[PDB]
Amino acid sequence: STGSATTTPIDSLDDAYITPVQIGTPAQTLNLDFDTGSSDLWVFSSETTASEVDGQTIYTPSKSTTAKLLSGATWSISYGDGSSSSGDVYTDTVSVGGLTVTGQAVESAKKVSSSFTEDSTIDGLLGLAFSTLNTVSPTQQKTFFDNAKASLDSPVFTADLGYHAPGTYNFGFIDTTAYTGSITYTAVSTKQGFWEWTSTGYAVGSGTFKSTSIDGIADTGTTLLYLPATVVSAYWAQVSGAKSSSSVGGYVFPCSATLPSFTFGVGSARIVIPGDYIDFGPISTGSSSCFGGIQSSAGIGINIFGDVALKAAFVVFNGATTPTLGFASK
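Our numbering runs 1065 ahead of the 1-based position in the sequence shown.
What follows is the structure, given as structure tokens:
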């Protein structure tokens, strides 16, 4: 089997991407944030504290003839940005872009933190990291990908995120019309539960490539590109007026600037992030100070190849017995 679903930016800045997901019988369609940095499929629901729901579409398990309470199961998750959610668990039928999993753990939110409430466009998350990170207790649950794996034509999914435009998540096949040149594959460590790999280095604009190992994760659920402070300083030094602002919480730059590109290495290959991808607009409405799309990972404890990086490539998440990552230009 295969599946193919369009993923759409939630706003003009590509702050995140939502993908429609069918849950239950008859189908209830919710727009979920596909997150290769976590491993829980959770949704706003009829159980979510009413004051914490503000415009989201909810899953109502009592209206699904295929929903079953997973007795005794609870979940609770905290994300890198400090957001969180928790609740109980159902199993139900879940379909993505024509690909159907029966008995998928659907984690029903009883509580969500303010950042989730305040984002009316995201109805929940669909985790695509390794199932070892799944938070369901006392019986850990499998991701949608993990559950679908055996049935897929090939045990892979691909992320093709757009810049200021829709893109595609495919399951079970590689669309050879979706990228240019060849796909370069690189090793993955699953030891932290992430799609963790090592970039071979970087360049700033038309500058010479610096060969240096950068360990990090491929994370579709993170907006920006988070890299070591040395690398990030080297980038923003090429932007007149750019500075790191403690008060804003990162590098800012004059909105009148033309940003240079940023290249990262995948083995011997090179992915080029155009300068415009690194512009996340005024820090506050009407400001002439703009927020940068490349930020320091210092104090995160890991480097994160988030959407800013991933949207510059066609990315293969290879879930073979030894997982790997593939990157192509597009």
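All C-beta atoms, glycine included, are put in the ideal place defined by N, C-alpha and C.
Cα-Cα, which of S1394, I1282, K1395 and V1381 is closest to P1220?
Translated into the one-based positions of the sequence shown, residue 1220 becomes position 155. Ranked by how close their Cα comes to the Cα of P1220, the residues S1394, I1282, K1395 and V1381 have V1381 in first place.
On the three-state DSSP scale, how would you describe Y1228?
Locating residue 1228 in the sequence shown gives position 163, where the first residue counts as 1. Three-state result, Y1228: coil.
CA nearest to the CA of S1143, picked from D1119, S1180 and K1128:
Taking the sequence shown and counting its residues from 1, one reaches residue 1143 at position 78. Comparing Cα positions, the closest option is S1180.
Determine the extent of the beta strand (DSSP E) in which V1253 is found, giving its start and end residues.
Against the sequence shown, residue 1253 aligns to sequence position 188. Where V1253 is concerned, there is no enclosing beta strand (DSSP E), given that its DSSP letter is neither H nor E.
Rounding to the nearest angstrom, what Cα-Cα distance links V1313 and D1079 in this structure?
If you number the sequence shown from 1, residue 1313 lands on position 248. If you number the sequence shown from 1, residue 1079 lands on position 14. Spanning the two alpha carbons is a distance of roughly 19 Å.
Does the distance between the C-beta of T1233 and the nearest non-hydrogen atom of the ligand FMN fall short of 7 Å?
With respect to the ligand FMN, the structure offers nothing, as it holds no ligand at all.
Would the region 1113-1131 count as touching the region 1083-1096 if we require 3 or more Cβ pairs under 8 Å?
yes
Option nearest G1068 by Cα separation, candidates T1251, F1327, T1328 and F1222:
Here residue 1068 is taken as the residue at index 3 of the sequence shown, counted from 1. Proximity to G1068 across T1251, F1327, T1328 and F1222 peaks at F1222, based on C-alpha coordinates.
DSSP three-state label for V1201, please.
Mapped onto the sequence shown, residue 1201 falls at position 136. Correct three-state label for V1201: coil.
Buried versus exposed, by CB contacts within 10 Å (16 or more), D1225:
Residue numbering aside, residue 1225 sits at position 160 when the sequence shown is read from its first letter. Burial call: buried.
Can you say whether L1134 is buried or exposed, counting buried as having 16 or more other CB atoms within 10 angstroms of its CB?
One-based indexing of the sequence shown puts residue 1134 at position 69. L1134 is classed as exposed because its beta carbon has fewer than 16 other beta carbons within 10 Å across all chains shown.
Tell me whether the beta-carbon of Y1267 lies closer than 8 Å to the beta-carbon of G1332.
Mapped onto the sequence shown, residue 1267 falls at position 202. Mapped onto the sequence shown, residue 1332 falls at position 267. Not a contact, by the Cβ cut-off of 8 Å.
Thinking C-alpha only, which one of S1104, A1081, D1146 and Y1082 is nearest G1364?
Counting from 1 along the sequence shown, the entry for residue 1364 is found at position 299. The shortest C-alpha separation from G1364 is found at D1146.
For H1229, the nearest candidate out of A1377, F1392, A1070 and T1387 (CA to CA):
Position 164 of the sequence shown holds residue 1229. It is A1377.
Among the candidates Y1155, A1170, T1389 and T1328, whose CA atom is the shortest distance from the CA of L1292?
As a working mapping, residue 1292 is identified with position 227 in the sequence shown. When only C-alpha atoms are compared, the closest one is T1328.
To the nearest angstrom, how far is the alpha carbon of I1336 from that of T1249?
As a position in the sequence shown, residue 1336 is number 271, starting the count at 1. As a position in the sequence shown, residue 1249 is number 184, starting the count at 1. Distance between the alpha carbons of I1336 and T1249 is about 10 Å.
With distance defined between alpha-carbon atoms, name the residue in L1390, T1072, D1344 and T1387 nearest to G1227.
Counted from its first residue, the sequence shown places residue 1227 at position 162. Selection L1390, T1072, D1344 and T1387 evaluated against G1227 yields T1072 as nearest (Cα-Cα).
How should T1288 be labelled, buried or exposed, when 16 other C-beta atoms within 10 angstroms of its C-beta is the threshold for buried?
If you number the sequence shown from 1, residue 1288 lands on position 223. Classification of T1288: buried, given that the 10 Å Cβ count is 16 or more.
What did DSSP end up calling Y1300 once you bin it into helix, strand or coil?
Taking the sequence shown and counting its residues from 1, the one referred to as residue 1300 is at position 235. If DSSP states are grouped into helix, strand and coil, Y1300 belongs with the helices.
Within its chain, find whatever has a CB closer than 6 Å to the CB of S1160; leave out the 5 residues flanking it on each side and keep chain order.
Here residue 1160 corresponds to residue number 95 of the sequence shown, with the count starting at 1. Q1087, listed in sequence order.
Would you say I1367 and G1281 are within 8 Å of each other, going by their C-beta atoms?
Counted from its first residue, the sequence shown places residue 1367 at position 302. Counted from its first residue, the sequence shown places residue 1281 at position 216. Cβ atoms of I1367 and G1281: closer than 8 Å.
Should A1132 be labelled buried (16 or more other beta-carbon atoms within 10 Å of its own) or exposed?
Position 67 of the sequence shown holds residue 1132. Buried: at least 16 other Cβ atoms inside 10 Å.
With three or more beta-carbon pairs closer than 8 Å as the criterion, would you say the region 1173-1190 touches the region 1106-1117?
yes
Does the separation of the CB atoms of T1263 and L1390 fall below 8 Å?
Numbered from 1 along the sequence shown, position 198 holds the residue referred to as residue 1263. Numbered from 1 along the sequence shown, position 325 holds the residue referred to as residue 1390. No.
Kindly indicate which residue of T1208, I1187, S1150 and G1162 has the alpha-carbon position closest to the one of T1156.
Here residue 1156 corresponds to residue number 91 of the sequence shown, with the count starting at 1. Residue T1208 is the option with its Cα nearest to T1156.
Do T1101 and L1193 have their CB atoms nearer than 8 Å?
Translated into positions along the sequence shown, residue 1101 becomes position 36. Translated into positions along the sequence shown, residue 1193 becomes position 128. Going by C-beta atoms, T1101 is nearer than 8 Å to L1193.
Less than 8 Å separating the beta-carbons of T1285 and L1375?
As a working mapping, residue 1285 is identified with position 220 in the sequence shown. As a working mapping, residue 1375 is identified with position 310 in the sequence shown. For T1285 and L1375, yes; Cβs fall inside 8 Å.
For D1076 and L1097, the rounded distance between their alpha carbons
Sequence index remark: in the sequence shown, residue 1097 carries index 32 (1-based). Sequence index remark: in the sequence shown, residue 1076 carries index 11 (1-based). Using only the alpha carbons, I get a separation of about 14 Å.
Just to confirm the assignment: which complete beta strand (DSSP E) runs, minimum length 3, are found wholly within the region 1129-1191?
The DSSP assignment places complete beta strand (DSSP E) segments of no fewer than 3 residues inside the region 1129-1191 at 1133-1143, 1149-1161 and 1164-1177, in order along the chain.
Please say whether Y1244 and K1395 have beta carbons closer to each other than 8 Å?
The residue labelled residue 1395 in the question sits at position 330 within the sequence shown. The residue labelled residue 1244 in the question sits at position 179 within the sequence shown. Taking 8 Å as the Cβ cut-off, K1395 and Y1244 qualify as a contacting pair.
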